[PDB]
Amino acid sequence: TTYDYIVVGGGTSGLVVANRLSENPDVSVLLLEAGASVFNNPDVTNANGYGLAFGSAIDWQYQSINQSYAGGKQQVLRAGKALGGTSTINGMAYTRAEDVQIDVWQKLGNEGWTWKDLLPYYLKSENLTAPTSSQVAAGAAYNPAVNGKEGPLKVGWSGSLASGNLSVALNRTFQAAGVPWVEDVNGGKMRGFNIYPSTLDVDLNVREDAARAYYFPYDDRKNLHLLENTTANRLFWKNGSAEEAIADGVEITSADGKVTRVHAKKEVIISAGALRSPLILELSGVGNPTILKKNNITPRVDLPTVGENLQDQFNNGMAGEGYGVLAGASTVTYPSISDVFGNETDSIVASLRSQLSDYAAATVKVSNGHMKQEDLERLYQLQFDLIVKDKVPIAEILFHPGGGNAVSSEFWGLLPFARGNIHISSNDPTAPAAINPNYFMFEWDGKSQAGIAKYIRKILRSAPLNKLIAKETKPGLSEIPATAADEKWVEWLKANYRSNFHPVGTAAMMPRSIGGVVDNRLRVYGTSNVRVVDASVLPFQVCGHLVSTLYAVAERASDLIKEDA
C-alpha cells in the first residue's frame, strides 16, 4: 500500500497534480476520491445542465452555521462529490483574474507568484477552440496570445451560440455607461463586457470537467492508481526525533466501512477542497491547539490559522421582461468601483478607508486572536488598493436570455472583506464541520452588493436596452419601489442571497509570520512533505471564476513538486 505520492481528493486541482506527477513512469501516484466517476452521468455531461445535479448524490451539500450578519439563516455550500470534484457540477464559465491581484501574492511575500509567473501555467492548462463564424457574429472573441492550444482543459463556446437582440443591446448600454466590450477577459485585464467562453468540449458537445480533461485520457498509466468511493480521514506521521513532521501516509475508510492505511514515500498532497482540506489537517493534528485539544487530538504542528481566513462571495439575482422575445449570447460584465458608483465613488472610498482598521479588529476576534491586528490591517490595505487604486472589477454581472421575453441577471460583489472560518466539530471524521463564511459581516460587503443591484436596475431602464425591456420583474418596483432606501435593498439581498461557492483561504499561502498555512511551494508549515493544492491556498479572492486559476495554480505546483524531488 506504498506509493511515491498520495493525492487526497480527485477534484479540480488534485487531478492536475496526479496527472503531472505520473508523467514520470518511475513515480507511482495514488488518487483518493470520496465520490466516483461521472463520465457517464448525463446531468454532468449535459453542456446545458448547470443546476441539474444540485442536491443529488454528487453534491456534498455542506451547510453553514447561522449567518448572524445576514439575517441568521444557514446556507448550503455546494461542492462536487465525484471524480472531477466541483468542476462536474459548476457553471462551466472560464474567466481568470486581474493581473495585479495575482501580483499581490508576491507583494505579501509569496515568492514566484505573479501574473507573469502564472500566465504560462494558465496557457499550459488550456486548449481553446476558436469561435466559428456564427459564434464570432454573436460576439465571441479571444486574444490568441493569452490562450493555450494544447492543454488538457478544452475551452470554447456553445454550438447553440447565435447573435440576438439582447446581447447587442447590452453591449451598447454598457458602453454608454462607460464600460466597453473587450475581446478577452483572460489576459489579466478583466474590466469590460464580454461573451465569455466555457469549459466545454465542442468536438463532443459535453461539459469539460477536470476528469475528462486530466484523468480519463491518461487512465492507461500503470503508475497512476485511483481509489474511488474512498474517504481520507487524516494523515499519520513518521515517528522520529526531529520537530519537523514527516507524513507517513493517509488513513482511509472504504465503501464497506473498513479503515486502512496507504503510505507515501515522498509526499502527501491534500486537494480535498477549501471546505475539507483544513479539516483533514486538523484531524491529523495540524491546527489550532485549543481546537485540537477540545477534540482530544494531540498537536503534531501548532498552526492555529488552519481553517481561518475563509473568504467567500455571495450572489443575488434580478430579472426583466421584454416587450417581445429576447435572444442572443450570455454575457459577463466586470465593472470597477467607479463604473458602479460614478460620482459617489469618492464618498464610498472615504467611508471604506475609514472602516479598514475596524474591519481588521473585528476579524482578529473571528480568529480568536490568531490573526493579528497589524497583519489584517495590511492585508485589507492590499485589497483596498486593488479596488481603489488599481481599479480592479468589484462585481461580476451575468446576463442570460431566460427564454421567451425573460432576461435574468446573476451578480455578486467580488471582493467583500468578511472573513470567517471552518473547523472540525468532533474527532469523528464523518461529523459535519462548523462552517462560517460570515456573509454580510462588513458594511462594504452589503453596500457594494446594493450598489451593484441598483446599477443593474439602472441598466435595465437605460438606452438602448430600454427599447427591449418593458419592466424589471425581480425584485421589481412593487417589492422595491424607486424611492426605497439602501436598507430595503440590503434587506432584500439578505433574504434572497446564495453562497457563490467560491470559498478560499482556509490553508492560505502567506508567510507563516503573517498567519499563512502553506509556503510559496504549497508546503504546510511545520511539515517536510505535506502540501495543500486547491482553493484553500488562495490568500485572497480573485475576480473571476475559480477553476481557471485553480488549474493554473495546480500546474505550477506540480512543477515545484517535481523540482523538489
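Don't overthink the numbering: it's just position in the shown sequence, from 1.
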Would you please confirm whether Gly240 lacks atomic coordinates in a third or more of the other entries that were compared?
yes
Stretch with the higher entry mean CA B-factor, where the candidates are 190 to 198 and 349 to 357:
349 to 357
So which stretch wins on mean C-alpha B-factor, 84 to 92 or 254 to 262?
254 to 262
Candidate set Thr483, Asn171, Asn233, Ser336 [ranked by C-alpha B-factor, highest]
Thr483
Kindly indicate the residue among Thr506, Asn500, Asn529, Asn48 with the greatest C-alpha B-factor in the PDB record.
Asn48
Where the record places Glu410 (Cα B-factor, split into thirds across the chain):
lowest
Test of reading the entry: by CA B factor among the chain's modelled residues, which third contains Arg461?
highest
Please place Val537 in the lowest, middle or highest third of its chain by C-alpha B factor as given in the entry.
lowest
Taking the C-alpha B-factors as the PDB entry records them, is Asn315 in the lowest, middle or highest third of its chain?
lowest
Once the chain's modelled residues are ordered by C-alpha B factor and cut into thirds, is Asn19 in the lowest, middle or highest one?
middle
